[PDB]
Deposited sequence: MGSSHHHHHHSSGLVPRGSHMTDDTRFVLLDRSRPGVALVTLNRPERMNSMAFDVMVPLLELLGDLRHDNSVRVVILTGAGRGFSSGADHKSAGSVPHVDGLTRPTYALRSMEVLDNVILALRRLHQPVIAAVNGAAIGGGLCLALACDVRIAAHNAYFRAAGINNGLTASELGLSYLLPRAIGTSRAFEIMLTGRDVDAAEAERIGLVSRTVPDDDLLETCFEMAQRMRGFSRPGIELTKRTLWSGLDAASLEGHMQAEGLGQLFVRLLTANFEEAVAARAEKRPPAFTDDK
């Protein structure tokens, strides 16, 4: 009945579930705003070392902009965010997954860019070519085709694709491994990675303080 659920069962992990499976967790206002407030809170929760983000039901997400705020909130966390893509990641849903630090896909997952200049398409146009190279990003976005989970793994859109039944535990297993590193160590890795993408030059980035 809540639009975004939080699960703190596992030590050091916050499992966040987009919860309107009826509408394929479409990123309407009443989903993205509570998500934004939760992401803000999680930033200050030092018991949480890793965030796993997933969708209730059949889809991950079918996707006055709040998506850009959410994207930057994900990036602002000192915790790594693992997207557990359990089903359809479409438009804003694909962009949300690309805003996470790691993606793992269920066999059931597929990915589509879709949709008017939106935060979603701007985010996609920045992040997708940097994930999978310009050739594949360009034709996927220009044809608007579906990318299945096997292809997503092959081309490096996700890190791994696993049986639907194994998805969350794979993510929990990865989170558990990440817990073994120090909180400031992991944070620095995440921060250098995202700022490395924006860096003007190699030398400038190496001079970062």
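If you line the structure up with the deposited chain, the stretches without a C-alpha atom are 1 to 24, 88 to 111, 164 to 166, 261 to 293.
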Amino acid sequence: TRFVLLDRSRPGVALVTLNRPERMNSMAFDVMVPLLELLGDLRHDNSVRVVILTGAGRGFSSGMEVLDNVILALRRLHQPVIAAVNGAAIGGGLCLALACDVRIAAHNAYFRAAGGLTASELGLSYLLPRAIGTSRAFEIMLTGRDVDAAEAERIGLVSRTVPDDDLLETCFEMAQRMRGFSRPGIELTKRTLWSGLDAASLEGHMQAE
From here on, numbers count along this sequence of modelled residues.
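Look at the mean CA B-factor for 27 to 35 and for 138 to 146 in the entry; the higher one is 27 to 35. Between 78 to 86 and 116 to 124, the higher mean Cα B-factor belongs to 116 to 124.
Note on the listed residues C171, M64, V158, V50: the highest Cα temperature factor in the record is that of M64. Compared with the other modelled residues of the chain, the Cα B-factor recorded for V70 ranks in the lowest third.
When the modelled residues of the chain are ordered by C-alpha B-factor, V16 sits in the lowest third.
Compared with the other modelled residues of the chain, the Cα B-factor recorded for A175 ranks in the lowest third. Split the chain's modelled residues into thirds by C-alpha temperature factor. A200 is in the highest one. Sort the chain's modelled residues by C-alpha temperature factor and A152 lands in the lowest third, per the entry.
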